[PDB]
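First comes the structure, then the notes that go with it.
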Amino acid sequence: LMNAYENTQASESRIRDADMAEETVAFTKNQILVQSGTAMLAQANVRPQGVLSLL
Amino acid sequence: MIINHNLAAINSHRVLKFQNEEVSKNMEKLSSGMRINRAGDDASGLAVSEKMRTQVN
Amino acid sequence: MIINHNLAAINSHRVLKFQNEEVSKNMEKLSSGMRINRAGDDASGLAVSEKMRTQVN
């Protein structure tokens, strides 16, 4: 019974648990993505103001 | 030039927030550490995990 | 000189509008962060992209 329990617990965990390494890799990729996106948006914010030159 | 709207900025916002909910669920999922936290991720996996939890108890 | 039509103004406005068009076209693919988001840019590349994405999933 104890061997059965350890095997089934391992299988359930690896089914239910997630791998932290891929989690943090994806988190870093997404964090850099959103930072680039918001800097992008801030840069794009001023683009329409260029036409104010010939007011 | 057309100044009443900035559609490009709106689309950038759209992709930004669309990534925002994904990064939010990612953050909660590694905070819990579980790849399944609420239904919709994998209901079959959730049911199997519950069955195995009952089994181990 | 003829004042009823400013040809130079027309040319400047035309080149200006095209320039802003590709500025928006480049800025949107910055926004997605991806080389192609809208069709027409590379249909073959797009199709290979979905093929590879399905394969990796």
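Every residue, every condition in (1) among the hydroxyl-bearing types (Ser, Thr, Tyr); (2) within 7 Å of chain B (Cβ to nearest Cβ), yes or no:
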| site | (1), (2) |
| --- | --- |
| A:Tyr5 | yes, yes |
| A:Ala18 | no, yes |
| A:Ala21 | no, no |
| A:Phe27 | no, yes |
| A:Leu33 | no, yes |
| A:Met40 | no, yes |
Every residue in segment B:15-36 that is more than 10 Å from the chain's Cα centre (by Cα) and surrounded by 13 or more Cβ atoms within 10 Å (Cβ to Cβ), please. B:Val15, B:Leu16, B:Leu30, B:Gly33, B:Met34, B:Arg35, B:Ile36
Any chance segment C:35-42 includes a residue that's within 12 Å of chain B (Cβ to nearest Cβ) and within 30 Å of A:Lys29 (Cβ to Cβ)? yes
Looking at A:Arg14, A:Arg47 in this structure, which one is more than 13 Å from the chain's Cα centre (by Cα), surrounded by fewer than 13 Cβ atoms within 10 Å (Cβ to Cβ) and either among the charged types (D, E, K, R) or closer than 30 Å to B:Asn57 by Cβ (or both)? A:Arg14
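Neighbour counts run over all protein chains shown; Cβ positions are idealised from the backbone, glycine included. Each reported figure results from applying straightforward, stated rules to the coordinates on display, with no laboratory input.
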